[PDB]
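Chains as they are written, first to last, in the authors' numbering: chain A, 3 to 125; chain B, 3 to 125; chain C, 3 to 125; chain D, 3 to 125.
Yeah, the Cβ is synthetic: ideal placement off N, Cα and C, and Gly gets one too.
Heads up, the thing below is written out as structure tokens.
Number of protein chains: 4
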Amino acid sequence: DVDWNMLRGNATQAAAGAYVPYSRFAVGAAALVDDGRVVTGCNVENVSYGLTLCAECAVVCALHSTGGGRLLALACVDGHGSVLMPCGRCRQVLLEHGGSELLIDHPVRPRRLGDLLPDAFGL
Amino acid sequence: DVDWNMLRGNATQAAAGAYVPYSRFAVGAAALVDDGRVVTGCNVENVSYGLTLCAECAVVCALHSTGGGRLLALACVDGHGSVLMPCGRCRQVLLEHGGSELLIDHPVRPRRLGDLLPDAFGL
Amino acid sequence: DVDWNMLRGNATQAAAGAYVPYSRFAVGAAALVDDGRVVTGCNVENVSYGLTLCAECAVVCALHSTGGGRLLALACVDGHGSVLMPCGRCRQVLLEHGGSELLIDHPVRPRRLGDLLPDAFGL
Amino acid sequence: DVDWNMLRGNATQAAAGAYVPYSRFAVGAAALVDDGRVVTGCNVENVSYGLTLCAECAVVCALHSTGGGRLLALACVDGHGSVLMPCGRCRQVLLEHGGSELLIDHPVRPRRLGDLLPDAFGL
Ligand SMILES: [Zn+2]
Ligand SMILES: [Zn+2]
Ligand SMILES: [Zn+2]
Ligand SMILES: [Zn+2]
């Protein structure tokens with residue numbers, strides 16, 4: 003049902019766009035939306051660190067700038083193509099758009115977002 | 003040189019994608035990048051308000067997820083198609099990607115970002 | 003070892019300071035730091051929603067503006083004094099300052115942050 | 003009316019608390035509130051860069067966790083005690099709490115926030 007090799011690959015591609023001059027730590031993400039399209043995002047840092055955009059947040063922006071809908075699955079990777087768990091902020095924003103059933107690429111098996119952010123605030 | 007009617011129109015289109023169930027205040031943005039392509043973004047709210055994504059930040063994500071480069075001009079509008087000045091956070095993130103010379107759609111004449119965020123922190 | 007009734011009460015007090023004109027949803031937090039002092043925080047909203055400050059983030063700011071150290075326990079509550087789980091963003095920021103062993107007030111028993119943000123990004 | 007030497011000094015003190023292991027770029031802030039008390043804040047970074055808290059945002063949290071009110075004047079400094087202009091995000095959050103008349107320490111003369119964030123979004 004979810005081609006994880008494809009999603010992960012798109013996340014790996016997407017990582018290539020990261021604007022990460024401060025950390026040099028590129029992140030890409032790719033998500034499958036409920037209509038079968040995939041949207042991607044990369045890391046975008048800012049001199050004011052707290053204004054940096056996460057790749058998974060970029061994905062959510064793409065989601066809504068391309069017709070919205072629900073996220074079914076997301077892979078997040080570093081610039082080396084390694085699977086990354088989304089930061090807590092991203093877990094919260096993904097939840098809004100995929101709910102607890104959103105699959106997040108690996109550990110050794112994609113995880114439900116619900117398990118990555120249990121007892122989530124607040125709707 | 004900059005088709006502002008086009009950019010503003012794209013920002014107006016882009017506003018249609020806003021996920022704004024909390025504020026009901028849709029924002030769209032569209033920017034011209036140095037290679038002539040235009041990238042767009044809309045507002046994406048979250049139950050945790052501080053995780054909401056600005057449309058202009060969505061634009062910057064699109065920028066880098068589509069090859070990066072420099073932003074030359076940006077229009078930001080509300081869901082009514084009215085010109086909006088970017089919030090301070092967006093002014094900072096746009097600066098990273100357009101610098102002080104980035105034109106921002108209107109007042110009655112597009113403004114340099116440099117004038118919208120004078121004496122900007124911090125590079 | 004942790005007076006949860008005290009922490010929760012301080013979180014309830016702290017909620018009273020929330021600047022929440024947009025959501026009307028007050029949040030307070032109080033944390034015990036490794037030296038036995040307690041630091042508190044409340045929700046601070048902004049017209050640009052994504053600039054709203056979480057109460058638990060306020061706590062972390064207090065932590066470092068009062069000598070830093072490690073967070074041992076945190077209660078987060080709404081304006082009604084109900085226990086709230088921190089949003090994903092707060093779970094990530096708390097982790098930086100309390101690690102996985104940081105106790106977070108309730109469900110029916112305080113939880114390790116590690117369990118609230120399993121397999122956390124990224125250090 | 004505003005003891006800027008005092009505010010700047012408090013901002014310099016406050017900078018000492020910064021949690022800045024990623025950038026090593028400490029920021030402190032101190033603000034005078036309408037009741038004459040001063041509240042302070044420092045920079046707090048996170049591994050997820052975009053979750054870093056600005057010192058001026060820390061100030062606003064202190065403001066409301068200490069009774070709220072309006073900010074009259076703010077100095078922001080780096081770890082070297084040099085005057086810093088607030089990032090765009092901070093200019094927006096300060097505006098909510100000080101309005102356009104909030105004085106911001108230097109260039110060679112404190113500036114109105116209104117001039118640092120002209121034509122501000124959006125209330
Ligand atoms: Zn993230
Ligand atoms: Zn904005
Ligand atoms: Zn939070
Ligand atoms: Zn700032």
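Euclidean distance between Cα positions of residue i and residue j
{"i": "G101 of chain C", "j": "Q94 of chain C", "result": "9 Å"}
{"i": "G90 of chain B", "j": "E58 of chain B", "result": "11 Å"}
{"i": "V40 of chain A", "j": "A16 of chain A", "result": "11 Å"}
{"i": "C92 of chain D", "j": "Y51 of chain B", "result": "16 Å"}
{"i": "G30 of chain C", "j": "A20 of chain C", "result": "7 Å"}
{"i": "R114 of chain C", "j": "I106 of chain C", "result": "6 Å"}
{"i": "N45 of chain A", "j": "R10 of chain D", "result": "35 Å"}
{"i": "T68 of chain A", "j": "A122 of chain B", "result": "33 Å"}
{"i": "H82 of chain B", "j": "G83 of chain A", "result": "42 Å"}
{"i": "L76 of chain B", "j": "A13 of chain C", "result": "42 Å"}
{"i": "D5 of chain D", "j": "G116 of chain B", "result": "30 Å"}
{"i": "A64 of chain B", "j": "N7 of chain B", "result": "21 Å"}
{"i": "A60 of chain B", "j": "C78 of chain B", "result": "11 Å"}
{"i": "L34 of chain C", "j": "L96 of chain C", "result": "12 Å"}
{"i": "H66 of chain D", "j": "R72 of chain A", "result": "37 Å"}
{"i": "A32 of chain C", "j": "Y24 of chain C", "result": "23 Å"}
{"i": "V22 of chain A", "j": "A28 of chain A", "result": "6 Å"}
{"i": "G43 of chain A", "j": "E103 of chain A", "result": "20 Å"}
{"i": "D80 of chain D", "j": "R26 of chain A", "result": "23 Å"}
{"i": "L86 of chain A", "j": "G70 of chain B", "result": "23 Å"}
{"i": "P88 of chain C", "j": "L119 of chain D", "result": "32 Å"}
{"i": "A18 of chain A", "j": "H108 of chain A", "result": "20 Å"}
{"i": "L53 of chain A", "j": "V62 of chain D", "result": "17 Å"}
{"i": "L74 of chain B", "j": "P112 of chain C", "result": "51 Å"}
Beta carbon proximity, residue i to chain C, threshold 8 Å
{"i": "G90 of chain A", "result": "yes"}
{"i": "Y24 of chain B", "result": "yes"}
{"i": "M87 of chain A", "result": "yes"}
{"i": "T42 of chain D", "result": "yes"}
{"i": "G83 of chain D", "result": "no"}
{"i": "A13 of chain D", "result": "no"}
{"i": "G71 of chain D", "result": "no"}
Any non-hydrogen atom of ligand 6 within 7 Å of residue i CB
{"i": "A64 of chain A", "result": "No copy of ligand 6 appears in this structure; the ligands present are ligand 1, ligand 2, ligand 3 and ligand 4."}
Short CB-CB distance (under 8 Å) between residue i and chain B
{"i": "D37 of chain D", "result": "no"}
{"i": "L119 of chain D", "result": "yes"}
{"i": "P112 of chain D", "result": "no"}
{"i": "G19 of chain A", "result": "yes"}
Buried/exposed call for residue i, threshold 16 Cβ in 10 Å
{"i": "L55 of chain D", "result": "buried"}
{"i": "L125 of chain C", "result": "exposed"}
{"i": "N48 of chain D", "result": "buried"}
{"i": "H99 of chain D", "result": "buried"}
{"i": "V110 of chain C", "result": "exposed"}
{"i": "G38 of chain A", "result": "exposed"}
{"i": "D36 of chain B", "result": "exposed"}
{"i": "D3 of chain D", "result": "exposed"}
Cβ of residue i within 8 Å of any chain D Cβ
{"i": "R93 of chain B", "result": "yes"}
{"i": "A77 of chain C", "result": "no"}
{"i": "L65 of chain B", "result": "no"}
{"i": "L105 of chain B", "result": "no"}
{"i": "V29 of chain C", "result": "no"}
Chain A contact for residue i (CB, 8 Å cutoff)
{"i": "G124 of chain C", "result": "yes"}
{"i": "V62 of chain B", "result": "yes"}
{"i": "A33 of chain B", "result": "no"}
{"i": "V4 of chain B", "result": "no"}
Heavy atoms of ligand 1 versus C-beta positions, residues under 6 Å: A:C56, A:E58, A:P88, A:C89, A:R91, A:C92, D:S50
message: Any C-beta of chain B within less than 7 Å: which residues of the segment 48 to 59 of chain C qualify?
response: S50, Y51, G52, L53, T54, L55, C56
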